[PDB]
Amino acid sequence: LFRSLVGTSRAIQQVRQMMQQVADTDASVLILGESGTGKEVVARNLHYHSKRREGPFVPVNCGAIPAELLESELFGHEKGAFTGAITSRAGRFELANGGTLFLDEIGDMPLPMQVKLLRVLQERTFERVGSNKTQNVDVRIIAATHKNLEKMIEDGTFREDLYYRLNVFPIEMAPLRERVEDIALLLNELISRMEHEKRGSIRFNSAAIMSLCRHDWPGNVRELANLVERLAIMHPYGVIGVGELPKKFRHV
């Protein structure tokens, strides 16, 4: 249902204390971090330690959904609202009512939805596409981005008004390279995960761990996870030394 946040680094302790400070509030949470730094983890964990903890967790991938369809997707539509609407459909908002609405890649939202979103957050009311019935919405907002929304705001591609209404309680996730002391504990977490799912088994010696620590980790913790998966096939039930690492990961 959720994951804990593993690590001993100052920053990850800070993230945990921050998470606790805000979870049971209904305040808007914006999580920033590079891809695969733990942002969704933080989000679902926030939800199951919140007032929405017995409600729905409803993700929206703002970048993945085509701009022309994003409106219907968030707000639902009436039958005949647009071409291909032989249905009347509840939106992500409607489904998220009483639970959490998790706005991922919020920087990839089109300006048109950024404004529509803010009126929904401010008024707490919405209409399905093609409708004039105003409807009630009770969602806790959580958002995440890997983009620099501040520069976007200067570029004129992200709304400043929306920025401050979403950024009440920012949480910053450090990239893996800036917390290489966490790698061993994260590796224990990932291996243990794999062993419980019956996906295999490995373990790393100390040499191979400090080699991993000089890695730059462009995919951060998700890329660490990937590596655990590949080694489990390449050296099944084996011990991973420098030699068992792919050459890309050996740093000596």
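Numbering starts at 1 and runs along the sequence shown.
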Comparing 196-204 with 36-44, the one whose average Cα B-factor in the PDB entry is higher: 196-204
Selected stretch [higher average CA B-factor]: 149-157 or 162-170: 149-157
Top Cα B factor in the deposited entry, candidates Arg177, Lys79, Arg140, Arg92: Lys79
Residue selected from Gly55, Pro66, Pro218, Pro59 by maximal Cα B factor: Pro66
Chain-relative CA temperature factor third for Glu181: lowest
Chain third (lowest, middle, highest) by recorded CA B-factor, residue given as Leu187: middle
B-factor third for the C-alpha atom of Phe75 within its chain: highest
Ranked against its chain, the third holding the CA B-factor of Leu224: lowest
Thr25 - Cα temperature factor, lowest/middle/highest third of chain: lowest
